[PDB]
Amino acid sequence: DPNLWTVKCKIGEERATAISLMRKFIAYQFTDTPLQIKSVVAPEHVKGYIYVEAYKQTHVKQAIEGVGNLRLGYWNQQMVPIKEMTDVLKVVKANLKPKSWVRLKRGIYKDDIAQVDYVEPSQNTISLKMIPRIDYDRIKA
Amino acid sequence: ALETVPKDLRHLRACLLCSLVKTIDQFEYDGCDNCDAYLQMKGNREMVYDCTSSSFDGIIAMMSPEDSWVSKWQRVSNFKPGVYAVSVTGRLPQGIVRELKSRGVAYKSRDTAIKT
Ligand SMILES: [Zn+2]
């Protein structure tokens with residue numbers, strides 16, 4: 001059973017980190033310097049450090065050498081105990097389902113609980129059900 | 001290979017059979033690399049938007065499914081190494097699951113995420 005290591009990354013650059021290390025692996029699997037990594041875990045609920053799969057601590061050091069996104073947490077590679085290989089894959093309740101209850105972030109109905117009606121397949125806009133709280137143009141000028 | 005890596009981070013989805021995480025251009029030009037004779041999602045956009053959805057989370061760089069602890073837990077060890085997901089929510093309609101049982105493909109719920 002392979003071990004899991006924790007490396008430090010830039011905040012905001014998790015998916016770019018994963019999509020860059022995957023292309024390094026594919027860019028070096030056929031040379032004289034391959035990569036000994038199995039996978040790299042990047043949860044969407046975290047922000048700041050990622051997870052990597054390797055048997056020994058020298059493999060992560062000889063695999064992440066040369067990347068500028070992982071140059072900060074390069075001098076230290078923490079190790080998790082074996083019971084933490086499972087809590088990493090757990091996701092608590094994507095988040096796109098009709099007839100559900102979402103809230104707003106910007107606009108006038110901030111932090112107001114609404115409902116979804118229809119979803120646009122273009123992934124551009126979404127239908128919402130809220131209640132207007134305007135004055136019907138009586139108080140404002 | 002170079003085809004299973006999504007080129008752009010915008011408009012990417014994940015399937016409900018092998019949790020294949022790619023961009024919307026590769027599911028239409030090439031499709032599901034882990035199932036092409038049972039799904040046939042290359043050559044159109046209705047079948048790509050029908051089975052494969054965007055409601056998914058969690059990203060893993062599967063490289064050696066024959067030797068890794070995560071690949072056996074997600075039952076993705078008999079698949080091609082590449083971009084996969086760990087919780088792909090949703091369900092197939094009662095229009096493509098009936099043909100999968102008669103052909104010998106047991107459609108499993110890949111959603112390992114807990115509900116409340
Ligand atoms: Zn699939």
# chains A, B, ... in the order shown; residues from 1 in each chain; ligands from 1
>>> residues_around(residues="residue 14 in chain B", least_positions_apart="3", cutoff="8 Å", atoms="only C-alpha atoms", output="ChimeraX atom specification")
/B:19-22,52-56,84-85,88
>>> write_last_selection(atoms="N, CA, C and O atoms", output="PDB file, in the first residue's frame")
ATOM      1  N   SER B  19     -16.158   8.264 -14.262  1.00  0.00           N
ATOM      2  CA  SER B  19     -15.801   9.539 -13.636  1.00  0.00           C
ATOM      3  C   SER B  19     -14.678  10.233 -14.400  1.00  0.00           C
ATOM      4  O   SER B  19     -13.740  10.776 -13.815  1.00  0.00           O
ATOM      5  N   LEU B  20     -14.785  10.216 -15.724  1.00  0.00           N
ATOM      6  CA  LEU B  20     -13.728  10.741 -16.580  1.00  0.00           C
ATOM      7  C   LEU B  20     -13.857  12.258 -16.626  1.00  0.00           C
ATOM      8  O   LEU B  20     -14.874  12.789 -17.080  1.00  0.00           O
ATOM      9  N   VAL B  21     -12.840  12.955 -16.128  1.00  0.00           N
ATOM     10  CA  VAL B  21     -12.854  14.412 -16.047  1.00  0.00           C
ATOM     11  C   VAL B  21     -12.063  14.965 -17.228  1.00  0.00           C
ATOM     12  O   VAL B  21     -10.843  14.798 -17.306  1.00  0.00           O
ATOM     13  N   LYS B  22     -12.766  15.619 -18.153  1.00  0.00           N
ATOM     14  CA  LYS B  22     -12.186  16.178 -19.366  1.00  0.00           C
ATOM     15  C   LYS B  22     -12.919  17.476 -19.683  1.00  0.00           C
ATOM     16  O   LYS B  22     -13.823  17.889 -18.954  1.00  0.00           O
ATOM     17  N   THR B  52     -23.208  12.409 -19.246  1.00  0.00           N
ATOM     18  CA  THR B  52     -22.210  13.179 -18.521  1.00  0.00           C
ATOM     19  C   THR B  52     -22.793  14.513 -18.064  1.00  0.00           C
ATOM     20  O   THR B  52     -23.431  15.227 -18.844  1.00  0.00           O
ATOM     21  N   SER B  53     -22.582  14.840 -16.794  1.00  0.00           N
ATOM     22  CA  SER B  53     -23.052  16.081 -16.204  1.00  0.00           C
ATOM     23  C   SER B  53     -21.870  16.882 -15.672  1.00  0.00           C
ATOM     24  O   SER B  53     -20.740  16.391 -15.597  1.00  0.00           O
ATOM     25  N   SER B  54     -22.147  18.135 -15.308  1.00  0.00           N
ATOM     26  CA  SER B  54     -21.136  19.012 -14.732  1.00  0.00           C
ATOM     27  C   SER B  54     -21.120  18.988 -13.210  1.00  0.00           C
ATOM     28  O   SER B  54     -20.152  19.467 -12.609  1.00  0.00           O
ATOM     29  N   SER B  55     -22.148  18.435 -12.577  1.00  0.00           N
ATOM     30  CA  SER B  55     -22.238  18.431 -11.119  1.00  0.00           C
ATOM     31  C   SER B  55     -21.304  17.355 -10.578  1.00  0.00           C
ATOM     32  O   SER B  55     -21.690  16.201 -10.388  1.00  0.00           O
ATOM     33  N   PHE B  56     -20.056  17.744 -10.330  1.00  0.00           N
ATOM     34  CA  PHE B  56     -19.075  16.849  -9.735  1.00  0.00           C
ATOM     35  C   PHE B  56     -18.012  17.687  -9.040  1.00  0.00           C
ATOM     36  O   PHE B  56     -17.891  18.890  -9.279  1.00  0.00           O
ATOM     37  N   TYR B  84      -9.564  11.728 -13.083  1.00  0.00           N
ATOM     38  CA  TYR B  84     -10.785  11.137 -12.558  1.00  0.00           C
ATOM     39  C   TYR B  84     -11.338  12.015 -11.439  1.00  0.00           C
ATOM     40  O   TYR B  84     -10.703  12.979 -11.001  1.00  0.00           O
ATOM     41  N   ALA B  85     -12.533  11.664 -10.967  1.00  0.00           N
ATOM     42  CA  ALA B  85     -13.193  12.375  -9.882  1.00  0.00           C
ATOM     43  C   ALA B  85     -13.567  11.393  -8.779  1.00  0.00           C
ATOM     44  O   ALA B  85     -13.592  10.174  -8.976  1.00  0.00           O
ATOM     45  N   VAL B  88     -19.191  11.999  -8.128  1.00  0.00           N
ATOM     46  CA  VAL B  88     -19.915  12.519  -9.283  1.00  0.00           C
ATOM     47  C   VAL B  88     -21.394  12.283  -9.013  1.00  0.00           C
ATOM     48  O   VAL B  88     -21.900  11.165  -9.171  1.00  0.00           O
TER      49      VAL B  88
END
>>> residues_near_ligand(ligand="ligand 1", cutoff="8 Å", atoms="only C-alpha atoms and all ligand atoms", output="PyMOL selection string")
chain B and resi 14-20+32-35
>>> select_by_dssp(residues="chain B", states="alpha helix (DSSP H)", output="ChimeraX atom specification")
/B:24-29,46-50,69-73,98-103
>>> select_by_dssp(residues="range 67-112 of chain B", states="strand (DSSP E or B)", output="PyMOL selection string")
chain B and resi 83-88
>>> interface_residues(of="chain B", to="chain A", cutoff="6 Å", atoms="only C-alpha atoms", output="MDAnalysis selection string")
chainID B and resid 55:64 69 113:116
>>> residues_around(residues="range 31-33 of chain A", least_positions_apart="6", cutoff="12 Å", atoms="only C-alpha atoms", output="JSON, numbers by chain")
{"A": [24, 25, 59, 62, 63, 65]}
>>> residues_around(residues="range 37-39 of chain B", least_positions_apart="6", cutoff="10 Å", atoms="only C-alpha atoms", output="PyMOL selection string")
chain B and resi 17+31+47-48+51+96+99-100+103-105
>>> residues_around(residues="residue 65 in chain B", least_positions_apart="5", cutoff="8 Å", atoms="only C-alpha atoms", output="MDAnalysis selection string")
chainID B and resid 71:72 76:81
>>> residues_around(residues="range 67-75 of chain A", least_positions_apart="4", cutoff="10 Å", atoms="only C-alpha atoms", output="list in words")
residues 6, 7, 8, 9, 10, 11, 13, 14, 16, 17, 20, 21, 24, 49, 50, 60, 61 and 63 of chain A
>>> closest_residue(among="A:140, A:76, A:29, A:98", to="residue 126 in chain A", atoms="only C-alpha atoms")
A:98
>>> atom_distance(atom1="CA of residue 101 in chain B", atom2="CA of residue 73 in chain B")
23.1 Å
>>> atom_distance(atom1="CA of residue 48 in chain A", atom2="CA of residue 12 in chain A")
7.4 Å
>>> atom_distance(atom1="CA of residue 92 in chain B", atom2="CA of residue 25 in chain B")
21.6 Å
